[PDB]
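Chemist: Residue numbers (my numbering), protein chains in the order written: chain A, 1 to 161; chain B, 1 to 112. Think of the CB as a built atom: it goes at the ideal place given N, C-alpha and C, for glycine as much as any other residue.
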Amino acid sequence: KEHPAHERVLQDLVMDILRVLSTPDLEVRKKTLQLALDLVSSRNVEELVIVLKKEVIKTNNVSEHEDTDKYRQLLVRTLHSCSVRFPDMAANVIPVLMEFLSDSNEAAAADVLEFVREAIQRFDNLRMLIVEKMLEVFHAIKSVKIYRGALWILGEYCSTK
Amino acid sequence: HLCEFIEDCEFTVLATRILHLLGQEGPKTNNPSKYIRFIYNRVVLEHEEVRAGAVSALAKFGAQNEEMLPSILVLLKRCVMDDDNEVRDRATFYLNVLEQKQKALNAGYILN
Numbered sequence: 001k002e003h004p005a006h007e008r009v010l011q012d013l014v015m016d017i018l019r020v021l022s023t024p025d026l027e028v029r030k031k032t033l034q035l036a037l038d039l040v041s042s043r044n045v046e047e048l049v050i051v052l053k054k055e056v057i058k059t060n061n062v063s064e065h066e067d068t069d070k071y072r073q074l075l076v077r078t079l080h081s082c083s084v085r086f087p088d089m090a091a092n093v094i095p096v097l098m099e100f101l102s103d104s105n106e107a108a109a110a111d112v113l114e115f116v117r118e119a120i121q122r123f124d125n126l127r128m129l130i131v132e133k134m135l136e137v138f139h140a141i142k143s144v145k146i147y148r149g150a151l152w153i154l155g156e157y158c159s160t161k
Numbered sequence: 001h002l003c004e005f006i007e008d009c010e011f012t013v014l015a016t017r018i019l020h021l022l023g024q025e026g027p028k029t030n031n032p033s034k035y036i037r038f039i040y041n042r043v044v045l046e047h048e049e050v051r052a053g054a055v056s057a058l059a060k061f062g063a064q065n066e067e068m069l070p071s072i073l074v075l076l077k078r079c080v081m082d083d084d085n086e087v088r089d090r091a092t093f094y095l096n097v098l099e100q101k102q103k104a105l106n107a108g109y110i111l112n
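(1) Does any CB atom of chain A fall closer than 7 Å to the CB of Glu86 (chain B)?
(2) At the 7 Å Cβ level, is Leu79 (chain A) part of the contact set with chain B, yes or no?
(3) What three-state label does DSSP hand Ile141 (chain A) in the structure shown?
(4) Determine the direct distance from the alpha carbon of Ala110 (chain A) to that of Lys1 (chain A), and round the result to whole angstroms.
(5) Taking only the alpha-carbon atoms, compute the straight-line gap between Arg85 (chain A) and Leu37 (chain A) and give it to the nearest angstrom.
(6) What three-state label does DSSP hand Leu39 (chain A) in the structure shown?
(7) Tell me which residues share the same chain as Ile18 (chain B) and place their Cβ nearer than 8 Å to its Cβ, disregarding the 5 neighbours each side in the sequence.
(8) Would the segment 61-71 of chain B count as touching the segment 29-40 of chain B if we require 3 or more Cβ pairs under 8 Å?
(9) Taking all protein chains shown into account, do 16 or more other C-beta atoms lie within 10 angstroms of the C-beta of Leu129 (chain A), making it buried, or fewer, making it exposed?
(10) Applying the criterion that 16 or more other CB atoms from any shown protein chain within 10 Å of the CB defines a buried residue, is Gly108 (chain B) buried or exposed?
(11) Whole angstroms is fine: what's the gap from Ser42 (chain A)'s alpha carbon to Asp89 (chain B)'s?
(12) Would you kindly work out how many angstroms separate the C-alpha atoms of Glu99 (chain A) and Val56 (chain A), rounded to a whole number?
(13) Rounding to the nearest angstrom, what Cα-Cα distance links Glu67 (chain B) and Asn31 (chain B) in this structure?
(14) How is the alpha helix (DSSP H) around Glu25 (chain B) delimited, first residue to last?
(15) Here's a check: name, in chain order, each residue in its chain whose Cβ is nearer than 8 Å to the Cβ of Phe138 (chain A), leaving out the five neighbours to either side.
(16) Going by other Cβ atoms of all chains shown within 10 Å of its Cβ, with 16 needed for buried, is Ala140 (chain A) buried or exposed?
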């Protein structure tokens with residue numbers, strides 16, 4: 001990689017390779033994700049993102065996660081980073097949705113992590129929708145996690161007086 | 001004995017009860033450093049909740065102050081402070097609450 005003359009393309013070929021991952025082995029996959037993250041100057045991105053979303057669908061599937069779960073968390077990390085740099089998009093909205101589906105803490109933690117972050121980040125607009133989304137999600141749901149969720153959000157508050 | 005043992009004799013539930021009681025008692029029985037010493041410990045434990053009691057007990061206490069407390073009482077809330085969002089909030093809020101009344105007044109209303 002310390003061929004820091006680091007050509008565009010090469011980074012790009014990864015996905016192809018990556019496709020192969022669907023024949024799992026997380027551990028390998030995991031190595032990939034880290035590896036993967038790196039190349040992206042917040043670009044070859046979309047095609048990827050899309051692909052990620054594909055992954056995401058794929059991730060849904062019917063699953064009996066045991067290994068891939070892990071991956072997900074990781075992915076999200078990997079993913080997280082990018083965003084920091086980037087301006088990101090709808091894809092993201094989808095996580096929010098996605099997250100609603102889900103049922104385990106670690107994600108909530110991420111989410112929360114996001115809570116924090118976003119709290120810092122504020123360009124805002126999205127949030128509001130999402131807040132709406134959430135409103136649904138929320139209405140649509142119960143749990144400690146949620147319960148907790150409410151608290152912060154509540155804490156947060158703005159309009160629709 | 002209670003303090004120590006309970007610490008390493010566990011059960012959160014006990015703590016609730018005792019907390020509540022202790023909550024009232026404070027500086028009428030002095031021994032500040034120790035008592036502080038304890039109090040810190042009680043908090044030490046995780047649980048936003050476990051942590052929380054030491055502050056609440058404190059309100060009757062703080063207000064009264066003891067063999068050294070008012071100046072310092074003021075200093076302490078500052079020295080000990082926390083994030084963890086709603087745990088953050090607890091610190092912030094108590095503060096914020098604190099922020100909101102002349103602390104002398106503050107003590108009077110809340111206490112009752």
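Modeler: Here's the rundown:
(1) The residue given as residue 86 (chain B) occupies position 86 in the second sequence. Closer than 7 Å: yes.
(2) Along the first sequence, read from residue 1 onward, the residue named residue 79 (chain A) stands at position 79. No, no contact with chain B.
(3) Counting from one through the first sequence, the residue named residue 141 (chain A) turns up at place 141. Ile141 (chain A): coil per DSSP, three-state reduction.
(4) Taking the first sequence and counting its residues from 1, the one referred to as residue 1 (chain A) is at position 1. Taking the first sequence and counting its residues from 1, the one referred to as residue 110 (chain A) is at position 110. Their Cα atoms are separated by approximately 30 Å.
(5) Taking the first sequence and counting its residues from 1, one reaches residue 85 (chain A) at position 85. Taking the first sequence and counting its residues from 1, one reaches residue 37 (chain A) at position 37. Near 12 Å, if we compare the C-alpha coordinates of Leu37 (chain A) and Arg85 (chain A).
(6) The residue you call residue 39 (chain A) lines up with position 39 of the first sequence. Residue state, collapsed to three classes: coil.
(7) What you label residue 18 (chain B) is simply residue 18 of the second sequence in a count that begins at 1. If you ignore the 5 residues before and after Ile18 (chain B), its C-beta comes within less than 8 Å of the C-beta of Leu2, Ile6, all in its own chain and listed in chain order.
(8) Touching, yes, given that three or more Cβ pairs across the two stretches are closer than 8 Å.
(9) Position 129 of the first sequence, counting from 1, holds the residue named residue 129 (chain A). Classification of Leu129 (chain A): exposed, given that the 10 Å Cβ count is below 16.
(10) Walking along the second sequence from the start, residue 108 (chain B) turns up at place 108. Flag for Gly108 (chain B) reads exposed.
(11) Stepping through the first sequence from its first residue, residue 42 (chain A) is reached at position 42. Stepping through the second sequence from its first residue, residue 89 (chain B) is reached at position 89. Cα to Cα, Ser42 (chain A) sits roughly 35 Å from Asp89 (chain B).
(12) Within the first sequence, the letter at position 99 stands for residue 99 (chain A). Within the first sequence, the letter at position 56 stands for residue 56 (chain A). So the two alpha carbons sit approximately 11 Å from each other.
(13) To locate residue 67 (chain B), count along the second sequence from 1; it is residue 67. To locate residue 31 (chain B), count along the second sequence from 1; it is residue 31. In this structure, the alpha-carbon of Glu67 (chain B) lies about 8 Å from that of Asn31 (chain B).
(14) Reading the second sequence from its first residue, position 25 is the one you call residue 25 (chain B). Residues 12-25.
(15) Position 138 of the first sequence holds residue 138 (chain A). Correct list, in chain order: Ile146, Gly149, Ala150.
(16) Here residue 140 (chain A) refers to the residue found at position 140 of the first sequence. With fewer than 16 Cβ atoms within 10 Å of its Cβ, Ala140 (chain A) is classed as exposed.
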